[PDB]
Amino acid sequence: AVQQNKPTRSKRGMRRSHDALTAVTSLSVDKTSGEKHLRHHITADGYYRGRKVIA
Amino acid sequence: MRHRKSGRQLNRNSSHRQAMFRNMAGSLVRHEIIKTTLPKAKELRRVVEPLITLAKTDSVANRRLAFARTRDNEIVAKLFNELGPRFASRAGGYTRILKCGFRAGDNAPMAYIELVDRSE
Amino acid sequence: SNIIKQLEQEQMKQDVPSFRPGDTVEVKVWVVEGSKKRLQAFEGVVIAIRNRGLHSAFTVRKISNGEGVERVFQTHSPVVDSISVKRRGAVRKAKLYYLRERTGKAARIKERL
Amino acid sequence: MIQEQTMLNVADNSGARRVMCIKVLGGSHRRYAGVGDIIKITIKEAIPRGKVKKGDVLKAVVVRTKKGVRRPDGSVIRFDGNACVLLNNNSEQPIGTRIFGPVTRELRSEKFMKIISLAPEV
Amino acid sequence: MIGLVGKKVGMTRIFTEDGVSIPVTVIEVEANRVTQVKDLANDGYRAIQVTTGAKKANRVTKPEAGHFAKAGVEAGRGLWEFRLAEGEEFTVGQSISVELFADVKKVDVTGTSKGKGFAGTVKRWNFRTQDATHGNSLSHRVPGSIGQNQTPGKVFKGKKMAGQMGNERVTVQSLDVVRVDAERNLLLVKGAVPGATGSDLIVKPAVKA
RNA sequence: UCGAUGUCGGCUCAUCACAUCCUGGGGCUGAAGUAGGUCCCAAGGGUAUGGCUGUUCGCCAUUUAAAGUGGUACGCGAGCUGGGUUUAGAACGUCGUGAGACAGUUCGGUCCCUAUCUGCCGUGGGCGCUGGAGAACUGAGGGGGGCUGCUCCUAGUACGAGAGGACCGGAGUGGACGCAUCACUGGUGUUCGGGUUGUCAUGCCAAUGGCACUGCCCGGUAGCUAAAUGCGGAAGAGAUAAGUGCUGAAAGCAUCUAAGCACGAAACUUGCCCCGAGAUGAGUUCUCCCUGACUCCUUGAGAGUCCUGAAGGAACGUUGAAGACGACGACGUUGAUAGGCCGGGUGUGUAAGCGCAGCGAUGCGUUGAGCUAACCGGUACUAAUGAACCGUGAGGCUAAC
RNA sequence: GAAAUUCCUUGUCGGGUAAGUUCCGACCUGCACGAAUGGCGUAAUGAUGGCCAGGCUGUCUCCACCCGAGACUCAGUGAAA
RNA sequence: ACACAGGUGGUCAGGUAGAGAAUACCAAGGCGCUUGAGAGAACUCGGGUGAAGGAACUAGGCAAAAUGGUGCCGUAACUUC
RNA sequence: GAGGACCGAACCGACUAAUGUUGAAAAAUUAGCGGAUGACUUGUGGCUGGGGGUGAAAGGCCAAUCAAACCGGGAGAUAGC
């Protein structure tokens with residue numbers, strides 16, 4: 001329930017081989033306002049798929 | 001397991017879950033567009049859309065059915081006198097869901113849900 | 001699932017009378033002793049109907065020789081020769097499981113008019 | 001579904017009122033008895049002048065069961081209580097001379113034909 | 001002997017006039033179309049690779065849209081293979097019907113069983129539950145001991161622990177063929193076969209027989 | 001080992017040995033048969049529930065084919081228990097003047113740990129496998145399984161004096177165990193319908209809603225599930241064990257062995273199912289995909305620009321009888337992927353409102369009505385957006401032609 | 001009187017149970033009871049010790065399903081031996 | 001030691017049920033307990049419900065189930081009445 | 001109309017079980033449980049002081065400390081470990 005030996009710099013970074021965040025690299029431009037947005041999300045100004053939805 | 005089951009529990013007991021959708025169905029009839037989470041929306045679709053199917057036939061026996069599922073007489077009037085005739089020729093799909101991003105306080109995925117006409 | 005439906009609806013009988021729970025039916029069943037196919041009767045009260053198309057069943061409960069005997073007949077089965085309603089009971093429930101606890105003038109069912 | 005410690009009623013006039021199943025016979029680790037199965041019983045309540053007395057250790061065949069039987073049709077015959085016909089240990093024949101209440105025809109085996117030709121129903 | 005690939009439609013029953021209800025699993029066995037035969041020379045072994053069903057034109061990818069066009073058959077929802085016994089010889093593009101199973105009387109049905117998820121030792125391995133009461137502290141459906149003391153000093157490879165249950169290929173053998181319907185393309189086999197409704201079943205004849 | 005390695009028993013979960021308890025194969029028998037006695041071979045699977053006691057044990061009651069013996073810290077407390085022993089209270093007998101003591105009893109008496117590493121069970125990511133990709137395989141190796149009663153025929157025959165009662169060979173049915181599955185029979189079903197008590201609320205009546213463990217209840221769809229129903233433990237081979245042989249000398253006789261050739265068990269290897277090419281010894285098959293310019297230099301080893309981004313993949317979204325998360329699967333408008341909707345089914349059980357009867361509770365009619373979840377069939381109504389992103393440009397150094 | 005006391009001891013006999021090292025009734029062979037460190041009874045009383053029975057039940061055979069809180073994923077903060 | 005599920009004297013004390021300051025639901029009044037969002041694995045807490053059996057569990061009915069109110073009838077051995 | 005009477009809240013306790021055991025808490029929570037007109041219970045003052053007190057007696061309690069409290073001193077006791 002507790003370690004017998006302090007793990008190393010090696011094993012601490014080996015565990016964080018999968019802690020690395022994944023960037024999006026998939027921003028989508030809107031066809032009526034040219035805003036980049038998340039795919040299938042509305043824009044910051046409230047356009048979505050060419051239509052003004054939220055305003 | 002969970003095979004072929006429906007309904008999100010939403011980390012609520014069944015009474016809180018029933019009272020939360022009674023409120024949230026009331027709010028989608030009031031302002032016709034509300035900003036809720038993405039899993040509380042799509043569960044609101046199973047609540048507010050039978051209310052508009054119910055309001056398509058105006059009768060006393062359905063006005064009290066709508067009142068029993070929406071304990072607010074102002075909602076029952078707008079359902080039957082406004083939203084009923086407005087969705088007369090629509091076969092389902094009275095609401096749409098527009099994902100609007102993430103909540104600041106807890107990173108919850110948010111969405112707008114709104115009636116598909118909104119009459120502007 | 002029209003495939004199981006067409007496989008089911010070719011085996012259903014066209015001779016199921018419209019009984020309800022509370023009715024007193026008498027169900028003639030075929031029995032083979034060794035080679036004599038005999039037709040014996042089971043006459044009690046319908047206490048439960050399961051409506052499932054081909055998988056429809058109904059439970060008949062009688063008091064035979066001091067004993068409660070329940071019998072869950074599968075209808076649309078070729079062992080049930082005929083079902084015959086002898087009186088119509090007037091109950092407000094679909095499952096009369098409380099008649100296993102009542103026995104006698106307690107278990108009297110008011111006839112349906 | 002008669003197992004050990006099951007109190008059964010007595011479907012014959014052999015003297016007993018209540019017996020208790022003290023072994024399900026016919027294979028090791030065997031759990032339940034159906035309506036054709038033989039059980040070792042002890043007599044827990046008898047009538048004062050019968051054939052058997054309270055405390056005898058003998059065999060019985062279960063004839064009525066609240067769990068009930070399963071016909072080839074998928075149909076069930078259940079009963080309101082559990083019953084057995086008390087049998088001799090050595091030559092497993094019925095001790096009694098009458099059979100009270102119905103039986104089912106899961107007993108036609110030509111070891112119980114002096115039960116089918118005694119019982120009122122089936 | 002070759003199998004056929006089918007789909008679990010569900011379960012129903014047949015009533016013989018004898019009085020028995022035979023529980024069946026309805027298996028839809030559509031026309032399996034041979035896409036590739038195999039030989040001892042080029043491939044090392046003899047088989048046929050069939051396909052069944054119909055896949056839409058925009059989900060079939062180009063490496064398999066060409067593999068189907070080499071045969072001349074349509075697409076399928078998948079490809080499955082069957083080892084050929086040393087007398088039977090098939091042709092590419094031949095459609096095999098459920099008419100194959102006229103004289104078989106007993107089959108083996110393979111399918112992917114229903115996934116139970118991460119099951120526990122009680123559900124997965126029929127471990128016996130410890131006491132619900134009588135003093136027990138937080139240990140009811142836990143497994144108990146997984147080993148010994150110091151002298152093995154390890155758990156043994158193959159220990160029954162909790163893990164993924166179901167979602168696995170399972171073959172049930174020796175199922176009685178009730179009837180073969182050559183016009184609805186149906187095979188009714190007695191009993192239940194692995195898989196849920198809609199899963200792809202692989203029905204070979206019985207090897208044990 | 002005293003700078004701590006928690007004792008007996010129980011439970012859970014085991015694992016090995018063989019000096020074998022059952023089942024399998026034999027030799028002898030003071031083996032007629034049936035039952036045995038004994039030894040030999042064999043560890044594949046199986047190998048009781050209870051009463052009493054803290055008990056292990058034991059003794060009893062019933063089983064069973066049998067209830068094996070041992071190892072594993074007298075397996076197993078970072079898995080459980082805490083009855084026993086062995087803290088502090090108290091008492092009895094007993095011993096001491098006494099404090100107190102007793103392998104003497106007797107009641108009472110705190111069992112901690114969020115797992116780093118190994119191990120194990122599952123499940124992914126990376127890279128490799130040498131152009132990339134999509135598949136289907138092969139199967140080296142692993143693993144699972146591997147139990148058995150009883151009846152019937154053989155046949156009341158072989159045997160025996162009779163009593164009794166077979167081998168071998170089939171046939172059927174169970175038991176325990178496993179795998180799968182919900183069609184049935186049921187369980188559950190706080191997402192369905194209804195009854196009902198108290199009380200608050202919707203102005204009130206009537207209708208409803210909240211709260212009281214889902215208020216308490218009666219039913220119950222799908223799913224999940226056993227007690228429910230299917231199936232399975234092979235047969236066959238191959239080598240053998242103990243064993244029995246045949247031929248056959250050394251030893252003109254024999255002799256199963258030395259040359260040779262036969263038979264021979266649930267063990268062994270297969271056959272059955274499953275995993276599996278990270279099998280780095282990285283396999284095979286089919287299909288798909290890309291056949292542009294230049295510039296820079298130590299230079300046969302490349303690097304840098306412009307061009308073109310393929311097959312495919314990923315991401316995203318709708319999701320799933322898939323699932324902890326990843327993964328896996330379906331789908332993405334050339335669309336039934338989910339929600340809705342429509343029809344149906346199912347389950348409840350005759351809604352409300354109205355009318356009538358009655359003093360009223362309430363009944364009756366409209367009416368098997370109305371509601372109806374996860375079901376089935378459909379239906380683009382809503383949402384699944386054009387993109388973009390990753391991955392490139394024909395792939396290093398004998399035979400045939 | 002084999003007891004809160006009996007080692008041998010699960011004494012022995014009776015009862016209760018299919019079966020009872022516990023219990024109840026005895027017997028007396030009191031290792032090693034005994035008369036105010038009281039002896040024998042004793043109604044009532046007891047969160048007292050032991051035993052039996054009826055009811056009752058997931059205690060169990062043998063567990064299944066469901067409802068919530070965690071576990072699990074995401075975001076924020078952020079220990080411990 | 002904490003913005004700590006604990007401790008802390010007295011007073012006031014509405015309605016509807018109810019014997020009641022119990023309890024249930026409410027008023028006046030006060031709050032939603034200073035991390036959320038998902039998901040709906042095992043396992044663990046806290047509950048609900050179970051076919052057939054009913055103590056076979058176990059050291060031991062531990063825990064759970066059950067019983068439960070008012071009125072009336074009726075009630076044993078024993079007893080210090 | 002008595003009662004160290006009975007049932008049962010406040011209150012005072014603490015029998016059982018589960019949780020908790022780096023807790024919400026250096027003894028608690030949850031469900032049950034005992035007393036509840038009394039040898040009760042509680043507030044506010046007081047008084048008893050360490051070989052001393054107080055004790056319906058457990059070596060109990062005497063400021064989370066008790067077979068001799070705490071603080072300061074002897075004192076850097078001594079320590080064949």
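Values below: every heavy atom of this structure, side chains too, minus hydrogens, waters and symmetry copies. Below, read A as the first sequence line, B as the second, and so on, with proteins coming before strands; counting in each chain starts at 1.
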Peer 1: Filter on salt bridge (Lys or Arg N to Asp or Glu O under 4.0 Å), then keep only pairs touching residues 49-61 of chain D, sequence neighbours left out; what's left?
Peer 2: D:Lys59-D:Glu92
Peer 1: Is it true that C:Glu70 and D:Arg78 make a salt bridge, defined as a side-chain N closer than 4.0 Å to a carboxylate O?
Peer 2: yes
Peer 1: Mind jotting down which residue pairs meet the side chain to side chain donor-acceptor pair (under 3.5 Å) criterion with at least one end in residues 87-97 of chain C? Sequence neighbours excluded, please.
Peer 2: C:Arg88-C:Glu111
Peer 1: How about D:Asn89 and D:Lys40: does a side-chain donor come under 3.5 Å of a side-chain acceptor?
Peer 2: yes
Peer 1: In terms of ring plane angle, is the pair C:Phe42 and C:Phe73 parallel, tilted or perpendicular, where the classes change at 30° and 60°?
Peer 2: perpendicular
Peer 1: Please list, one pair per line, the donor and acceptor atoms closer than 3.5 Å that link side chains of residues 97-111 of chain E to other protein atoms, with sequence neighbours excluded.
Peer 2:
from	atom 1	to	atom 2	distance (Å)
E:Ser97	OG	E:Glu99	N	3.1
E:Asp108	OD1	E:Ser174	N	3.1
E:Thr110	OG1	E:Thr171	OG1	3.1

Peer 1: Side chains of D:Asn9 and D:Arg18: donor-acceptor distance under 3.5 Å anywhere?
Peer 2: yes
Peer 1: Regarding E:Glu30 and E:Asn185, do their side chains bring together a donor and an acceptor under 3.5 Å, going by distance alone?
Peer 2: yes
Peer 1: Should the pair C:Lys37-E:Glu17 be classified as a salt bridge under the 4.0 Å nitrogen-to-oxygen rule?
Peer 2: no
Peer 1: Taking atom types as modelled and ignoring hydrogens, do the side chains of C:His55 and C:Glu8 form a donor-acceptor contact shorter than 3.5 angstrom?
Peer 2: yes
Peer 1: Regarding C:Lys86 and C:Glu43, does a basic nitrogen lie under 4.0 Å from an acidic carboxylate oxygen?
Peer 2: no
Peer 1: So does D:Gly101 get a backbone contact from the side chain of C:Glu67, meaning a donor-acceptor N/O pair under 3.5 Å?
Peer 2: no
